[PDB]
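Novice: here is the sequence, then the experimental structure:
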Amino acid sequence: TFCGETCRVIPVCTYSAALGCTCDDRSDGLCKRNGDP
């Protein structure tokens, strides 16, 4: 539920990706966390 970064027109936040955080992506949105994404 919001990892930390955000996926714009270049999604898949790579910093938070270490956790396996995944964004929803809709041209823009918000990267989600893990455990409680």
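Specialist: Ah, there it is. Numbers count the residues shown, from 1 in each chain.
Novice: quick check: beta-bridge partners of the most centrally placed residue in the chain?
Specialist: Nearest to the geometric centre of the chain sits residue 31, at 2.0 Å (Cα atoms, centre = their mean). Legend: beta-bridge partners of residue 31 under DSSP bridges are residue 23.
Novice: show me what contacts it?
Specialist: Going by Cβ atoms under 8 Å, 6 or more residues apart in numbering, residue 31 touches 2, 3, 4, 5, 6, 7, 11, 13, 16, 21, 22, 23. Every residue, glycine included, has its C-beta placed from N, CA and C.
Novice: in helices, which of those residues fall?
Specialist: Assigned to helices by DSSP state H, none of the contacts of residue 31 qualify.
Novice: are any of the residues you listed buried, and which?
Specialist: 3, 5, 7, 11, 13, 16, 21, 22, 23 (16 or more other Cβ atoms under 10 Å).
Novice: from residue 26, how far off is the fifth one?
Specialist: From residue 13 over to residue 26 the distance is 14 Å, taken as Cβ to Cβ, to the nearest Å.
Novice: how about the first one?
Specialist: According to Cβ to Cβ, residue 3 and residue 26 sit 16 Å apart.
Novice: quick one: end-to-end distance for stretch 19-31.
Specialist: Start-to-end span of stretch 19-31 (Cα to Cα, to the nearest Å) is 12 Å.
Novice: now it, how far from the centre of its chain.
Specialist: 3 Å (Cα atoms, centre = their mean, to the nearest Å).
Novice: what does stretch 10-19 give?
Specialist: Its chain's average C-alpha position is 6 Å from that of stretch 10-19, according to Cα atoms, centre = their mean.
Novice: give me the residues contacting that stretch.
Specialist: So stretch 10-19 is in contact with 3, 4, 5, 6, 7, 21, 22, 23, 25, 31, 33, 34, going by Cβ under 8 Å, 6+ apart.
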